[PDB]
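Take a look at the structure set out below.
In structure tokens form, the structure reads like this:
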């Protein structure tokens, strides 16, 4: 095919132009983001029962939903939790590859069956089915500088005027709000109600009757009289708006003309619907607004548009109110893209530099400078065709892929240059000769490289998708480069490469002449060394065995991780007070934490956005979450001001706070990924022994795990049991007094708990109406006796006559896994112990527990259980395919063994480098290891192919091998030096994303150095041995 395009340069140019144009269009079209959708589709069903308990919520909502979530497709497992707050969450985790839209549609369809079975209050509150894969782009906090606007006012203004326009931006998918909008609040007073012989049910009925919209009908609705004049819509009373109107709601009118209004028995104010959240920004009350990206759009552009629109809205803000960004991802992703494109351009520049250093021809130097960009455009086109996008992973693969295309261009241009400068052939004739002698080698290289990179695509789970991104990117780049190498590059070498090789060589003096002399001397020394090692094989065979053993040792010593941690610009601090603690104490602890942040780590912090009333382990009054944002990477020191150093200091500082367990942590890149040491287990109760038996079994299992040295940091993710109040309503006594049990239950539910009675309109927006007791009358257990219920005769019966309260213990949050009462016991495998071994130890411990208690692994542990040693099988198949392709290429069964033995040569250097630098065996290291394997394999393939060709034509074995290794020295050195210097900025990058860049740079640098040093000697040795034996 190469000879076809050598005579037709215009055809190759046309194809290159088409590829470049398509690549440009793809670049303009494809999305850009930090990471793609890499997680099994998880769907969460959230139901809210105001004032409910954990037991009541589980009985009436959680179990009902679970029993109807049947018939779902690709459902890995079901996890549910019922919290004492009044929120029940059912999480349905589907298998990887399931369509998220289909999954959420199925979950919604199954929920519709059980909607009527839910309690009326739960239905009124609304049950929403949403994915859990939400990625928050920004967390904007609105704070009143003047102080005129209170927290409730700020939240209402945001929900009214800000949440609407921002949600209409193209890239916005969802906008979470951390504040509660204004809602009409009615605070009942038991003494007043008893004074007027009223009840909470009367108030609820009056509100529902006097605050409603009624559609009467039409004035001339068909059928009508013969000569009806007009047809007009008829309307009736409208929703009440002001709190004063609610105070005028007439409960009853006395026979004397006196009236009893709603304001007479209650206090009406416009407050928040949910008082649980106490969001605070930099010590001042504030409300948050989290915007989440819609799939398929640029997160950077979406964030920019959201900020621009909010700036537009900022012109109409009331005095005092200002919007502050407490969390941003635009800076990190912009820095990542800038670093990737900088590395690509610098790699191209270094390719130019090395090409002019070795070949010393300007046009020959241009030849690869124009061949790499067309391959890049082709790769971008393929990525757009496959539906991919510019991610961190895809960009890293593109950086890795730069080695292969550069290597192909280097080898072809160097071969044609050598033919021109030695045989004196015409540029066209030299190109034809080079293509004739290297044509099959390129196809074999393409096939073996594909076999190197393809198998990692078929791994399962989130790690499987992460590997698939790199695999597809690199394979597309390799195929495009091979196609370009056989089409475009020969045309360039035959067209724009001047025949004056002698003239080009003649005009050489200074550093170029000295470099040529040094290279000639080093090549002579290398050839002499190769001859020496060929004449003495046993020592170097022993050396190879020792290198293999050291490779095994270093692989065993390398810790394993999934993604490196980078200074993302912010970290998160969490606070959890002991159970049964009010939100005032949590606020005090949060104030202490933020004072610490603003005092000591002042030089690095920029803004801390706390949120009392929610956080890890479930929402509650004793749980708080804080988002701490740091300054730009340049401003803070890169030695003592790094995010890791800040959290290291904070954890030491936070561990001295006995009040609550406050722990600082850095957010993971992907929520799905977890630490390799850690594991998740769900100790279930199959026999239905009860909650108390389950808790006792959990305590025993935790004790056993703490005893075992193979398990470290084992704990439950749930909440420990807390005291609760049990009201005993004497049914017989209540009925003897004449009271109705339904009235008692309604009074308790709408007095102590809330009651979403109806809706009202405020400033053109509908807001909820809640009826509940005033704060001082729902605090102590003795506040129950303050209420009075009305019997049949109309008299008021005290609550103490038919009720008694006692203290008991109950779990604040009840959790279920796959429909069984379970507790999530999370632990971490001890260092030096296999994760599978830790899981087996935990399973044995669960066996030691009393019967009826099983175990089920979740998330990462379950994924590991499913994917059992798939990688060894996939790479064994890959090795077999490589062997078959090489045997076909070399027309022998023994020669391919020579190439396959060079794989350990390049991996030992990468292992040694990543071990010395202290890095770990992350996925980036895996990709770099595969790339260095591929490059070493390509070098060995070229060497053995040249040697085999010369031997077949007749050149002895020793002489042929020496000549082949002499010929291949220059291109191998050229490619190795170019790739090393291209990835050197990655290995020494300080700033955003330094983690993955350091990983890839160190791995590639070590691997390439080791390969280019060892292979150039060992490959001739292997070839000579196998050809001597002829097996």
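Numbering (the entry's author numbering), first residue to last: 1 to 1031.
Heads up, the beta-carbon is just placed ideally off N, CA and C, and yes, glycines get one too.
Taking a cut-off of 8 Å for Cβ pairs, the stretch 462–475 and the stretch 30–50 touch, as three or more such pairs fall below it. Note that the C-beta distance between residue 627 and residue 329 is not below 8 Å. Taking a contact as a CB-CB distance under 8 Å, the pair residue 127 and residue 45 counts as one, their CB atoms being some 7 Å apart. The secondary-structure analysis by DSSP pairs residue 716 across a beta bridge with 825. Assigned with DSSP and collapsed to three states, residue 534 falls in helix. Contact holds between the stretch 623–637 and the stretch 567–574, because three or more Cβ pairs, one in each stretch, are under 8 Å apart. By DSSP's assignment, residue 182 forms a beta bridge with 272. Beta bridge pairing from DSSP links residue 781 with no other residue. Residue pairing by DSSP places residue 665 opposite 572 in a beta bridge. Classified as buried, residue 633 has 16 or more neighbouring CB atoms from the shown chains inside 10 Å of its CB.
For residue 790, the uninterrupted beta strand (DSSP E) segment begins and ends at 788–790. By the 16-neighbour rule on beta-carbons within 10 angstroms, residue 755 is buried. Within the DSSP bridge table, the entry for residue 807 names 725 as partners. For residue 58, there is no enclosing beta strand (DSSP E), since its DSSP letter is neither H nor E.
Around the beta-carbon of residue 28, fewer than 16 other beta-carbon atoms lie within 10 Å, marking it exposed. According to DSSP, residue 288 shares a beta bridge with 141. In the three-state scheme derived from DSSP, where H, G and I count as helix and E and B as strand, residue 260 is classed as strand. A straight-line Cα-Cα distance of about 11 Å links residue 334 and residue 392. Its chain contains 972, 1015 as the residues whose beta carbon lies nearer than 6 Å to that of residue 939, once the 5 sequence neighbours on both sides are disregarded; these appear in chain order. By the Cβ-count criterion, residue 509 is exposed, with fewer than 16 other Cβ atoms from all chains shown falling within 10 Å of its own Cβ.
About 28 Å separates the Cβ atoms of residue 76 and residue 31, ruling out a contact at the 8 Å cut-off.
Distance between residue 655 and residue 752, taken at the CA atoms: about 37 Å. Between the stretch 666–683 and the stretch 828–847 there are three or more C-beta pairs closer than 8 Å, enough to call the two in contact. Ranked by Cα distance from residue 340, the options 624, 991, 584, 161 are led by 991. Boundaries of the alpha helix (DSSP H) around residue 382: 362–385. Taking C-beta atoms as the reference points, residue 64 and residue 117 count as a pair closer than 8 Å. Considering only 996, 958, 96, the residue with the shortest C-alpha distance to residue 529 is 958. Spatial neighbours of residue 718 in its own chain (CB-CB distance under 7 Å, excluding positions within 5 residues in sequence) are listed in chain order as 813, 815, 823, 824. Where residue 878 is concerned, the enclosing alpha helix (DSSP H) starts and stops at 870–890.
Contact between the stretch 345–355 and the stretch 973–987 is present: 3 or more CB-CB pairs across the two stretches fall below 8 Å.
In the three-state reduction of the DSSP assignment, residue 130 falls in the strand class. At least 8 Å separates the beta-carbon of residue 2 from that of residue 478. Residue 682 has 824, 856 as its beta-bridge partners, per DSSP. When Cβ pairs closer than 8 Å are counted between the two stretches, the stretch 800–811 is seen not to touch the stretch 274–284, the count staying below three. Under the three-state reduction of DSSP output, residue 394 falls in the helix class. When rounded, the separation of the alpha-carbon atoms in residue 769 and residue 161 is 21 Å.
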